[PDB]
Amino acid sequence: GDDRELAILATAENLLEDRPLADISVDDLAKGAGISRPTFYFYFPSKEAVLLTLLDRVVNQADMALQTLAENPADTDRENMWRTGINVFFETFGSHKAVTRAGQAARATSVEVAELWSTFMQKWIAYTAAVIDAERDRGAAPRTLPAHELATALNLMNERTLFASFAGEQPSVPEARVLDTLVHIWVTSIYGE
């Protein structure tokens, strides 16, 4: 039931650590999950749908963790408030690098992967701009750029820079320095006049 399905998801996340989706077959997923090939098709329509579900779970997990933070103001300065919010994405996607990397490569070929990522990016950007606007209304941040365009560039910087660090791309910020690097650019660009 849920257990056959979880096994197929866990097998897929395991195999994605060692190779691309294109080198994984339904048979591989089935075997690792302990079921036949036609039994697999009962739970998912294809290997692509397995990645879609893995991505959907990671993205919802980041999203629920951000909602938790939002409902629960951490008792600290502005710099540390931004750091804890960015750290949701650093720790959540950072704990699922193979899925992130496969989900990235799938954006170009899968409309459902592209729209899932786009829906949540819009949600996180709107939340970011709502926080910047709140900061400006309270007199803590100056009215510089439109809050929504600034939120957009900052979230896209994080998407690209986090990914680069997790993949070890050249060039990339080392993964042990990427949080401090991003928090500095967010705080100076939000609070700086």
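Residue positions are given as counts along the sequence shown, with the first one as 1.
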For this session: Averaging only over Cα atoms, indicate whether 174 to 182 or 15 to 23 has the higher B-factor in the PDB entry.
Result: 15 to 23
Exercise. Higher mean Cα B-factor in the deposited model: 91 to 99 or 106 to 114?
Worked result: 106 to 114
Seminar exercise, completed: Listed options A33, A65, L154, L52: highest C-alpha B factor recorded at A33
Problem set entry | Highest-ranked of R57, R160, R138, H148 once sorted by CA temperature factor in the record | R138
Seminar exercise, completed: In terms of its chain's C-alpha B-factors, the third that includes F40 is the middle
Exercise. Of the three thirds of its chain by CA temperature factor, lowest, middle or highest, which one includes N72?
Worked result: highest
Problem set entry | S165 CA temperature factor, ranked by third within the chain | lowest
Exercise. So where's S46 on the chain's Cα temperature factor ranking, which third?
Worked result: highest
For this session: Could you look up the Cα B-factor of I8 in the entry and say which third of the chain it sits in: lowest, middle or highest?
Result: middle
